[PDB]
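*Asks:* Let me begin by handing over the structure; questions about it come next.
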Amino acid sequence: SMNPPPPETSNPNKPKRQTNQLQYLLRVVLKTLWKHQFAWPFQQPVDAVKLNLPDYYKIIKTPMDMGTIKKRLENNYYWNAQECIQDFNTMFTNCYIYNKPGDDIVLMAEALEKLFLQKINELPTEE
Ligand SMILES: CC(=O)NCCCCn1c2c(c3ccccc31)C(=O)NCC2
């Protein structure tokens with residue numbers, strides 16, 4: 001029923017790159033999803049305490065959220081686009097794994113994931 005530490009957003013000994021696909025992931029993908037009317041449940045780690053979800057971190061062992069992803073992008077945590085794409089997919093999958101099918105939160109994730117897929121379909125070829 002307690003919150004775990006959040007996912008890592010800083011690690012000096014992880015090698016890093018700043019690149020055109022990662023720049024698109026920030027400027028196009030993350031920013032598109034972040035501004036959406038259904039983004040708010042996804043903008044920070046799940047607070048299982050305040051939200052009264054004592055089983056959340058029993059079920060979800062790979063937490064991920066857009067606040068973490070935004071920090072990772074802005075703070076140059078990633079080596080490649082696939083790492084970031086994986087974080088988005090983990091976020092969506094967690095939502096579908098935890099929640100009751102058909103609930104509002106699932107519909108919210110689906111709306112964001114539709115846009116995610118639309119944007120990553122046009123991920124640029126690397127420079
Ligand atoms: C991103 C994520 O999966 N968070 C965990 C659930 C957070 C609490 N919560 C819920 C619903 C919901 C809807 C909107 C915000 C928070 C919500 C809803 O539809 N079913 C009940 C749970």
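*Asks:* Does any residue in the stretch 70-92 that is farther than 17 Å from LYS14 by Cα come within less than 6 Å, Cβ to Cβ, of a residue that is assigned to a helix (DSSP H, G or I) six or more places away or on a different chain, and which pairs are these?
*Replies:* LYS70/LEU30; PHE88/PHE116; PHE92/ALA109; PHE92/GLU113
*Asks:* Name the single residue, out of those in the stretch 112-127 being exposed (fewer than 15 other Cβ atoms within 10 Å of the Cβ) and over 13 Å from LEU25 (Cα atoms), that is farthest from the ligand (Cβ to nearest atom).
*Replies:* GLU127
*Asks:* For the stretch 29-52, give me each residue that is in contact with a helix residue (DSSP H, G or I) (Cβ under 8 Å, 6 or more places away or on another chain), part of a loop (DSSP other than H, G, I, E, B) and surrounded by fewer than 20 Cβ atoms within 10 Å (Cβ to Cβ).
*Replies:* Listed by number, the residues that qualify are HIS36, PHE38, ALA39, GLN43, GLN44, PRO45, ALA48.
*Asks:* For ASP103, all conditions in the list (1) within 16 Å of the ligand (Cβ to nearest atom); (2) of a type in the set (D, E, K, R); (3) closer than 25 Å to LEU22 by Cβ; (4) without any contact (Cβ under 8 Å) to a residue 12 or more places away in the chain hold save one; what is the number of the exception?
*Replies:* Failed condition: (3).
*Asks:* Residue check: is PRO15 more than 15 Å from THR90 (Cβ to Cβ), in contact (Cβ under 8 Å) with a residue 12 or more places away in the chain and either within 14 Å of the ligand (Cβ to nearest atom) or among the aliphatic types (A, V, I, L, M) (or both)?
*Replies:* Considered against the rule, which asks whether it is more than 15 Å from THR90 (Cβ to Cβ), in contact (Cβ under 8 Å) with a residue 12 or more places away in the chain and either within 14 Å of the ligand (Cβ to nearest atom) or among the aliphatic types (A, V, I, L, M) (or both), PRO15 comes out as no.
For neighbour counting, all protein chains shown are included, and Cβ atoms are generated from backbone atoms with ideal geometry for every residue, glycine included. Quick note: the coordinates plus some simple rules give every number you see, no bench work behind them.
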